[PDB]
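We begin with a single chain expressed as structure tokens, specifically the form deposited in one PDB entry.
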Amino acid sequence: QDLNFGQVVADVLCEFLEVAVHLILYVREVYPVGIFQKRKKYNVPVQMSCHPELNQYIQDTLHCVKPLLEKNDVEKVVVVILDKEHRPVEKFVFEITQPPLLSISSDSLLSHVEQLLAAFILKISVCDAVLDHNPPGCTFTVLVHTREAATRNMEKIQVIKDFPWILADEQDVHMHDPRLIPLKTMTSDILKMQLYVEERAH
């Protein structure tokens, strides 16, 4: 029928979040380095996992988030690093805002947005210079915070067969007085986004 820039933004963000998740896992050493292969995204160096099951898990997660992003019902996507005790040790928070009305320039939308996203990737690439090394045996999870007015979130997010979502528990989210590491913010004609890390002092 006609173009839908809400969907365009959802596609851009899902593509970018996949690359960002992969690079977070690399720079925080959540998995053995051997699975990663250096590649180029947004014209900057990145590290992509080649482990089939991990890649499908990340893609399944984002396939579920995409329709919520298309409707602008996502407030933030959070990549949480968890210790052996299931307690958050680091949180990479992607705060996502789509303006209620867009004013779109005519000269190369995606190219401009992709240049802005490359800065996020570069920041993630060097965030280990200010974060303390995580304890051994950490895992990760993804948290989706929806807008208060969002309706039927639990049904809308169940896109993938055999990949159910559940409400997180207090233990899944809470950190006591974490350090704040601002990484990057951007404003474009179609989306505003901020990325920062919350690090457990421990």
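One rule holds for the numbers: they count along the sequence shown, beginning at 1. Rigid core here is just the name for the largest C-alpha set that superposes within 1.5 Å across the two forms.
What comes next is about the form deposited in another entry, which is not displayed.
Novice: Kindly check if the Cα atom of residue 113 is displaced 2 angstroms or more between the shown form and the other one relative to the superposed rigid core.
Specialist: Indeed, residue 113 is displaced by 2 Å or more.
Novice: Residue 42: after superposing the rigid core, is there a C-alpha shift of 2 Å or more between the shown form and the other one?
Specialist: The answer is yes, as the C-alpha of residue 42 shifts between the shown form and the other one by 2 Å or more after core alignment.
Novice: Align both forms on the core first, then report whether residue 13 has a C-alpha shift of 2 Å or more between the shown form and the other one.
Specialist: Result for residue 13: no, shift under 2 Å.
Novice: Do the C-alpha atoms of residue 117 and residue 49 sit closer or farther apart in that other deposited form than they do here, given a shift of 3 Å or more?
Specialist: Compared with the form shown here, the C-alpha atoms of residue 117 and residue 49 sit closer together in that other deposited form, by 3 Å or more.
Novice: Do residue 186 and residue 17 move together or apart in that other deposited form, judged by C-alpha distance changing 3 Å or more?
Specialist: Residues separate in that other deposited form, at least 3 Å farther apart.
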